[PDB]
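K.L.:
One line per chain: the protein sequences are H and I, in this order. 495 is the number that PDB author numbering gives to position 27 of the first sequence; each next residue is one higher, with no gaps. 478 is the number that PDB author numbering gives to position 10 of the second sequence; each next residue is one higher, with no gaps. Can you keep this structure in mind? I'll have questions shortly.
There are 2 protein chains.
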Amino acid sequence: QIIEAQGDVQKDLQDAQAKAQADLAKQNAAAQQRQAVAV
Amino acid sequence: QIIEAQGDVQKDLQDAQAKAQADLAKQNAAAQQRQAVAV
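Shown next as structure tokens:
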């Protein structure tokens, strides 16, 4: 039970981390295309 | 209960860290576009 609780809290922690990383990557790609399209 | 409290305090810690990282990335992108638009 203790290991399952720790695994669940971890799993949501890395799920939030992965979502944040994906959002950051999307924002970086948007910034890159915005700065590259200008000419 | 202890594991849930630790998970909650961690979760807010990495949420603040991700928000700070996103703000830093936005500031860096703004600085890059400002320094590149000058010609």
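We put the beta carbon where it would ideally sit given N, CA and C, even for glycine.
Can you find a CB in chain I that lies within less than 8 Å of the CB of H:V505?
P.N.:
Cβ-Cβ to chain I under 8 Å: no for H:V505.
K.L.:
Is it true that the CB of H:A493 sits closer than 8 Å to the CB of I:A486?
P.N.:
No, the Cβ-Cβ distance between I:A486 and H:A493 is not below 8 Å.
K.L.:
Note the first and the last residue of the continuous alpha helix (DSSP H) segment covering H:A490.
P.N.:
Note, H:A490: alpha helix (DSSP H), 470 to 505.
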